[PDB]
>>> print(open('run-v4.cif').read())   # mmCIF, C-alpha atoms and all ligand atoms
data_input
loop_
_atom_site.group_PDB
_atom_site.id
_atom_site.type_symbol
_atom_site.label_atom_id
_atom_site.label_comp_id
_atom_site.auth_asym_id
_atom_site.auth_seq_id
_atom_site.Cartn_x
_atom_site.Cartn_y
_atom_site.Cartn_z
ATOM 1 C CA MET A 1 -1.280 16.581 8.971
ATOM 2 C CA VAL A 2 -4.730 17.538 7.725
ATOM 3 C CA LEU A 3 -5.971 17.093 4.181
ATOM 4 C CA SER A 4 -8.709 19.412 2.993
ATOM 5 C CA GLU A 5 -11.957 18.179 1.486
ATOM 6 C CA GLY A 6 -10.765 19.091 -2.038
ATOM 7 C CA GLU A 7 -7.698 16.900 -1.575
ATOM 8 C CA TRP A 8 -9.767 14.007 -0.212
ATOM 9 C CA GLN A 9 -11.991 14.438 -3.255
ATOM 10 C CA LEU A 10 -9.090 14.040 -5.656
ATOM 11 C CA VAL A 11 -7.959 10.913 -3.807
ATOM 12 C CA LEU A 12 -11.368 9.216 -3.747
ATOM 13 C CA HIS A 13 -12.125 10.146 -7.335
ATOM 14 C CA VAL A 14 -9.040 8.279 -8.630
ATOM 15 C CA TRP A 15 -9.696 5.502 -6.098
ATOM 16 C CA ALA A 16 -13.147 4.999 -7.568
ATOM 17 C CA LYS A 17 -11.517 4.028 -10.877
ATOM 18 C CA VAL A 18 -9.089 1.645 -9.147
ATOM 19 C CA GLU A 19 -12.078 -0.131 -7.609
ATOM 20 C CA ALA A 20 -13.360 -0.980 -11.086
ATOM 21 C CA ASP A 21 -10.502 -3.535 -11.187
ATOM 22 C CA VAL A 22 -9.213 -4.243 -7.676
ATOM 23 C CA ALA A 23 -7.477 -7.520 -8.589
ATOM 24 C CA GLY A 24 -5.667 -6.025 -11.584
ATOM 25 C CA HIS A 25 -4.414 -2.977 -9.648
ATOM 26 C CA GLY A 26 -3.319 -5.098 -6.694
ATOM 27 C CA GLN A 27 -1.188 -7.309 -8.922
ATOM 28 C CA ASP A 28 0.403 -4.377 -10.754
ATOM 29 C CA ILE A 29 1.309 -2.654 -7.524
ATOM 30 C CA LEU A 30 2.817 -5.673 -5.786
ATOM 31 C CA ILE A 31 4.753 -6.638 -8.901
ATOM 32 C CA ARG A 32 5.948 -3.068 -9.223
ATOM 33 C CA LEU A 33 7.181 -3.194 -5.606
ATOM 34 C CA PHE A 34 8.942 -6.562 -5.844
ATOM 35 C CA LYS A 35 10.744 -5.528 -9.042
ATOM 36 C CA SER A 36 11.840 -2.137 -7.828
ATOM 37 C CA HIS A 37 12.796 -3.268 -4.301
ATOM 38 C CA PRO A 38 13.600 -6.949 -4.384
ATOM 39 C CA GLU A 39 14.430 -6.855 -0.682
ATOM 40 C CA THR A 40 10.731 -6.567 0.096
ATOM 41 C CA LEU A 41 9.939 -9.850 -1.655
ATOM 42 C CA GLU A 42 12.096 -11.491 1.023
ATOM 43 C CA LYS A 43 9.599 -10.665 3.778
ATOM 44 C CA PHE A 44 6.964 -12.840 2.148
ATOM 45 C CA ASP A 45 7.651 -16.520 2.859
ATOM 46 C CA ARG A 46 4.555 -17.139 0.716
ATOM 47 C CA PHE A 47 6.119 -15.576 -2.397
ATOM 48 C CA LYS A 48 9.899 -15.697 -1.646
ATOM 49 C CA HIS A 49 10.305 -18.332 -4.384
ATOM 50 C CA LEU A 50 8.961 -16.373 -7.383
ATOM 51 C CA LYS A 51 11.849 -15.638 -9.767
ATOM 52 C CA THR A 52 10.372 -13.646 -12.630
ATOM 53 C CA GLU A 53 7.572 -11.238 -13.425
ATOM 54 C CA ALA A 54 5.734 -13.933 -15.365
ATOM 55 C CA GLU A 55 5.585 -16.296 -12.367
ATOM 56 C CA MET A 56 4.338 -13.376 -10.313
ATOM 57 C CA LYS A 57 1.746 -12.636 -12.947
ATOM 58 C CA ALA A 58 0.589 -16.267 -12.974
ATOM 59 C CA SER A 59 0.414 -16.611 -9.225
ATOM 60 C CA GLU A 60 -3.175 -16.701 -7.990
ATOM 61 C CA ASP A 61 -2.110 -16.391 -4.350
ATOM 62 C CA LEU A 62 -0.341 -13.128 -5.154
ATOM 63 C CA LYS A 63 -3.391 -11.785 -6.923
ATOM 64 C CA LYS A 64 -5.501 -12.700 -3.897
ATOM 65 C CA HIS A 65 -3.131 -10.900 -1.505
ATOM 66 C CA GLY A 66 -3.149 -7.797 -3.702
ATOM 67 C CA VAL A 67 -6.946 -7.716 -3.361
ATOM 68 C CA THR A 68 -6.605 -7.966 0.455
ATOM 69 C CA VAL A 69 -3.982 -5.203 0.498
ATOM 70 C CA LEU A 70 -6.001 -2.823 -1.632
ATOM 71 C CA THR A 71 -9.249 -3.512 0.236
ATOM 72 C CA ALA A 72 -7.570 -2.663 3.545
ATOM 73 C CA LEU A 73 -6.035 0.506 2.071
ATOM 74 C CA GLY A 74 -9.290 1.558 0.439
ATOM 75 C CA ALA A 75 -11.127 1.257 3.778
ATOM 76 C CA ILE A 76 -8.531 3.500 5.353
ATOM 77 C CA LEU A 77 -8.725 6.217 2.658
ATOM 78 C CA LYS A 78 -12.497 6.315 2.711
ATOM 79 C CA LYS A 79 -12.248 7.329 6.390
ATOM 80 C CA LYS A 80 -10.635 10.616 5.297
ATOM 81 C CA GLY A 81 -8.202 10.814 8.187
ATOM 82 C CA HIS A 82 -10.376 9.194 10.839
ATOM 83 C CA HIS A 83 -8.672 5.816 10.617
ATOM 84 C CA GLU A 84 -7.382 5.115 14.129
ATOM 85 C CA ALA A 85 -9.415 1.937 14.501
ATOM 86 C CA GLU A 86 -8.432 0.535 11.102
ATOM 87 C CA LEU A 87 -4.754 1.314 11.632
ATOM 88 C CA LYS A 88 -4.238 -0.493 14.981
ATOM 89 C CA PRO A 89 -4.473 -4.165 14.018
ATOM 90 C CA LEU A 90 -2.465 -3.399 10.842
ATOM 91 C CA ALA A 91 0.404 -1.759 12.708
ATOM 92 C CA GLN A 92 0.473 -4.573 15.212
ATOM 93 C CA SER A 93 0.734 -7.419 12.705
ATOM 94 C CA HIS A 94 3.197 -5.593 10.451
ATOM 95 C CA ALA A 95 5.421 -4.582 13.345
ATOM 96 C CA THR A 96 5.225 -7.725 15.528
ATOM 97 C CA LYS A 97 4.286 -10.648 13.366
ATOM 98 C CA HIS A 98 5.662 -9.799 9.923
ATOM 99 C CA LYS A 99 8.509 -7.537 11.117
ATOM 100 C CA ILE A 100 8.217 -4.934 8.415
ATOM 101 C CA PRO A 101 10.473 -1.852 8.706
ATOM 102 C CA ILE A 102 8.748 1.502 8.282
ATOM 103 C CA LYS A 103 10.841 2.209 5.180
ATOM 104 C CA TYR A 104 9.101 -0.508 3.224
ATOM 105 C CA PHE A 105 5.862 1.502 3.487
ATOM 106 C CA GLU A 106 7.479 4.290 1.514
ATOM 107 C CA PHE A 107 8.457 1.772 -1.179
ATOM 108 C CA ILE A 108 4.865 0.536 -1.564
ATOM 109 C CA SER A 109 3.670 4.165 -1.604
ATOM 110 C CA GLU A 110 5.954 4.775 -4.560
ATOM 111 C CA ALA A 111 4.572 1.723 -6.369
ATOM 112 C CA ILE A 112 0.986 2.842 -5.854
ATOM 113 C CA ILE A 113 1.723 6.263 -7.314
ATOM 114 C CA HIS A 114 3.588 4.743 -10.262
ATOM 115 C CA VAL A 115 0.716 2.448 -11.163
ATOM 116 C CA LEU A 116 -2.017 5.102 -10.830
ATOM 117 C CA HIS A 117 0.008 7.450 -12.969
ATOM 118 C CA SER A 118 0.399 4.713 -15.613
ATOM 119 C CA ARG A 119 -3.212 3.573 -15.677
ATOM 120 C CA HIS A 120 -5.132 6.781 -14.842
ATOM 121 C CA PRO A 121 -3.272 9.744 -16.333
ATOM 122 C CA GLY A 122 -6.369 11.849 -17.012
ATOM 123 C CA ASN A 123 -7.472 11.536 -13.376
ATOM 124 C CA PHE A 124 -4.007 11.608 -11.942
ATOM 125 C CA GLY A 125 -2.521 14.974 -12.887
ATOM 126 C CA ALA A 126 -0.097 16.945 -10.705
ATOM 127 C CA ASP A 127 -2.696 18.124 -8.162
ATOM 128 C CA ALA A 128 -4.314 14.680 -7.815
ATOM 129 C CA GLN A 129 -0.860 13.079 -7.328
ATOM 130 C CA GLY A 130 0.035 15.608 -4.667
ATOM 131 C CA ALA A 131 -3.205 14.859 -2.850
ATOM 132 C CA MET A 132 -2.568 11.091 -3.028
ATOM 133 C CA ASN A 133 0.958 11.575 -1.827
ATOM 134 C CA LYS A 134 -0.351 13.618 1.129
ATOM 135 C CA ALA A 135 -2.879 10.875 1.973
ATOM 136 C CA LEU A 136 -0.166 8.216 1.924
ATOM 137 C CA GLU A 137 2.241 10.338 3.977
ATOM 138 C CA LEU A 138 -0.525 10.874 6.543
ATOM 139 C CA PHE A 139 -0.921 7.086 6.613
ATOM 140 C CA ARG A 140 2.795 6.363 6.981
ATOM 141 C CA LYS A 141 3.261 8.952 9.729
ATOM 142 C CA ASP A 142 0.385 7.456 11.767
ATOM 143 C CA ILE A 143 1.690 3.932 11.215
ATOM 144 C CA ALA A 144 5.152 5.043 12.353
ATOM 145 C CA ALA A 145 3.728 6.540 15.542
ATOM 146 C CA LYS A 146 1.896 3.302 16.224
ATOM 147 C CA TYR A 147 5.103 1.342 15.688
ATOM 148 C CA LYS A 148 6.788 3.406 18.396
ATOM 149 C CA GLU A 149 3.907 2.821 20.810
ATOM 150 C CA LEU A 150 4.038 -0.908 20.074
ATOM 151 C CA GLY A 151 7.770 -1.152 20.746
ATOM 152 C CA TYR A 152 9.236 -1.408 17.247
ATOM 153 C CA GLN A 153 9.754 1.850 15.382
ATOM 154 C CA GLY A 154 11.881 1.200 12.299
HETATM 155 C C1 LIG B 1 -0.262 -0.010 2.021
HETATM 156 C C2 LIG B 1 0.371 -0.820 3.033
HETATM 157 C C3 LIG B 1 -0.130 -2.109 3.383
HETATM 158 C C4 LIG B 1 -1.365 -2.612 3.656
HETATM 159 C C5 LIG B 1 -2.713 -1.896 3.628
HETATM 160 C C6 LIG B 1 -1.174 -3.999 4.012
HETATM 161 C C7 LIG B 1 -2.173 -4.843 4.439
HETATM 162 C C8 LIG B 1 -2.050 -6.167 4.779
HETATM 163 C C9 LIG B 1 -3.147 -7.012 5.192
HETATM 164 C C10 LIG B 1 -4.591 -6.525 5.303
HETATM 165 C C11 LIG B 1 -2.613 -8.227 5.458
HETATM 166 C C12 LIG B 1 -3.321 -9.478 6.005
HETATM 167 C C13 LIG B 1 -3.612 -9.503 7.522
HETATM 168 C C14 LIG B 1 -2.423 -9.062 8.374
HETATM 169 O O1 LIG B 1 -1.501 -9.888 8.504
HETATM 170 O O2 LIG B 1 -2.460 -7.906 8.850
HETATM 171 C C15 LIG B 1 -1.196 -8.125 5.194
HETATM 172 C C16 LIG B 1 -0.277 -9.138 5.360
HETATM 173 C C17 LIG B 1 1.081 -9.063 5.151
HETATM 174 N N1 LIG B 1 1.748 -7.901 4.833
HETATM 175 FE FE1 LIG B 1 0.961 -6.117 4.450
HETATM 176 N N2 LIG B 1 0.141 -4.370 3.894
HETATM 177 C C18 LIG B 1 0.794 -3.211 3.543
HETATM 178 C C19 LIG B 1 2.158 -3.128 3.364
HETATM 179 C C20 LIG B 1 3.069 -4.148 3.531
HETATM 180 C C21 LIG B 1 4.472 -4.057 3.188
HETATM 181 C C22 LIG B 1 5.158 -2.784 2.709
HETATM 182 C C23 LIG B 1 5.006 -5.290 3.394
HETATM 183 C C24 LIG B 1 6.285 -5.895 3.208
HETATM 184 C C25 LIG B 1 7.303 -5.265 2.408
HETATM 185 C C26 LIG B 1 3.932 -6.105 3.940
HETATM 186 C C27 LIG B 1 4.061 -7.425 4.286
HETATM 187 C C28 LIG B 1 3.064 -8.276 4.703
HETATM 188 C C29 LIG B 1 3.242 -9.669 5.043
HETATM 189 C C30 LIG B 1 4.580 -10.401 5.128
HETATM 190 C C31 LIG B 1 1.996 -10.179 5.212
HETATM 191 C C32 LIG B 1 1.589 -11.646 5.352
HETATM 192 C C33 LIG B 1 1.260 -12.392 4.045
HETATM 193 C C34 LIG B 1 0.932 -13.864 4.221
HETATM 194 O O3 LIG B 1 1.897 -14.658 4.177
HETATM 195 O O4 LIG B 1 -0.272 -14.142 4.393
HETATM 196 N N3 LIG B 1 2.766 -5.383 4.048
HETATM 197 N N4 LIG B 1 -0.864 -6.860 4.772
#
>>> encode(input="run-v4.cif", output="structure tokens", more="lines below")
Ligand code: HEM
Amino acid sequence: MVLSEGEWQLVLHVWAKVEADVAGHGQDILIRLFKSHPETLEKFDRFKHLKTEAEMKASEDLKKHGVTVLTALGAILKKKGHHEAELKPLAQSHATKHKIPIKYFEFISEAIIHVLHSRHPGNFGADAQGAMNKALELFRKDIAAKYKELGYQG
């Protein structure tokens, strides 16, 4: 898939707002994911034990990981499709070390869109959401192809 420049522009414009509060967005997104798809919480031995949203909210380790997640994602989006080098070590650890099925990437994609829509509605209208969804689909399709190369797929 190929995004146009206009689409990239919509993505990076909303991402610029996210980067005003990286820690806050990372928390919201991960909490959104664990609530909506409790199965994903299970893959994190580090967080497996958190029982409620408040514990999640109060967890500094969780906030730290959300920063790490969003920094890695931001670096990928800013490459505007040219992200082969950034994707390789990420595919390898998620497929081989952490054992994450491809499906869970769609779940986090959903969470990201939910949170941007909630916090940035003036900069996340229908066209901007379509562009972000395209950017994340591009991402997931490239990660899936790497999974297959690496021996996992799924
Ligand atoms: C937007 C997609 C994602 C990005 C950019 C991302 C990025 C990262 C990064 C940068 C790390 C730390 C270094 C590494 O181990 O590679 C990490 C660790 C990890 N990721 Fe992801 N991740 C994503 C999605 C997911 C999903 C969907 C899951 C599970 C449902 C997941 C589970 C994990 C686990 C289990 C760790 C290790 C945490 C620890 O105990 O330190 N990742 N991720």
>>> residues_near_ligand(input="run-v4.cif", ligand="ligand LIG 1 (chain B)", cutoff="7 Å", atoms="all atoms listed in the file", output="list in words")
residues 40, 41, 43, 44, 45, 46, 68, 69, 70, 72, 73, 89, 90, 93, 94, 98, 100, 104, 105, 107, 108 and 109 of chain A
>>> residues_around(input="run-v4.cif", residues="residue A:148", least_positions_apart="6", cutoff="12 Å", atoms="only C-alpha atoms", output="list in words")
residues 91, 92, 95, 96, 101, 102, 141, 142 and 154 of chain A
>>> residues_around(input="run-v4.cif", residues="residue A:61", least_positions_apart="5", cutoff="12 Å", atoms="only C-alpha atoms", output="mmCIF file with C-alpha atoms, keeping the file's coordinate frame")
data_model
loop_
_atom_site.group_PDB
_atom_site.id
_atom_site.type_symbol
_atom_site.label_atom_id
_atom_site.label_comp_id
_atom_site.auth_asym_id
_atom_site.auth_seq_id
_atom_site.Cartn_x
_atom_site.Cartn_y
_atom_site.Cartn_z
ATOM 1 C CA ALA A 23 -7.477 -7.520 -8.589
ATOM 2 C CA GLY A 26 -3.319 -5.098 -6.694
ATOM 3 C CA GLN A 27 -1.188 -7.309 -8.922
ATOM 4 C CA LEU A 30 2.817 -5.673 -5.786
ATOM 5 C CA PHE A 44 6.964 -12.840 2.148
ATOM 6 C CA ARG A 46 4.555 -17.139 0.716
ATOM 7 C CA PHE A 47 6.119 -15.576 -2.397
ATOM 8 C CA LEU A 50 8.961 -16.373 -7.383
ATOM 9 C CA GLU A 55 5.585 -16.296 -12.367
ATOM 10 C CA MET A 56 4.338 -13.376 -10.313
ATOM 11 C CA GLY A 66 -3.149 -7.797 -3.702
ATOM 12 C CA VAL A 67 -6.946 -7.716 -3.361
ATOM 13 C CA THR A 68 -6.605 -7.966 0.455
#
>>> atom_distance(input="run-v4.cif", atom1="atom CA of residue A:113", atom2="atom CA of residue A:36")
13.2 Å
>>> atom_distance(input="run-v4.cif", atom1="atom CA of residue A:62", atom2="atom CA of residue A:10")
28.5 Å
>>> resolve_selection(input="run-v4.cif", expression="the PyMOL selection byres (((chain A and resi 7) around 10) and not hetatm)", output="ChimeraX atom specification")
/A:2-6,8-13,80,127-132,134-135
>>> axis_aligned_box(input="run-v4.cif", around="stretch 57-63 of chain A", padding_each_side="5 Å", output="AutoDock Vina command-line options")
--center_x -0.8 --center_y -14.2 --center_z -8.7 --size_x 15.1 --size_y 14.9 --size_z 18.6
>>> closest_residue(input="run-v4.cif", among="A:136, A:1, A:16, A:22", to="residue A:64", atoms="all atoms listed in the file")
A:22
>>> atom_distance(input="run-v4.cif", atom1="atom CA of residue A:88", atom2="atom CA of residue A:103")
18.2 Å
>>> closest_residue(input="run-v4.cif", among="A:85, A:150, A:112, A:143", to="residue A:29", atoms="all atoms listed in the file")
A:112
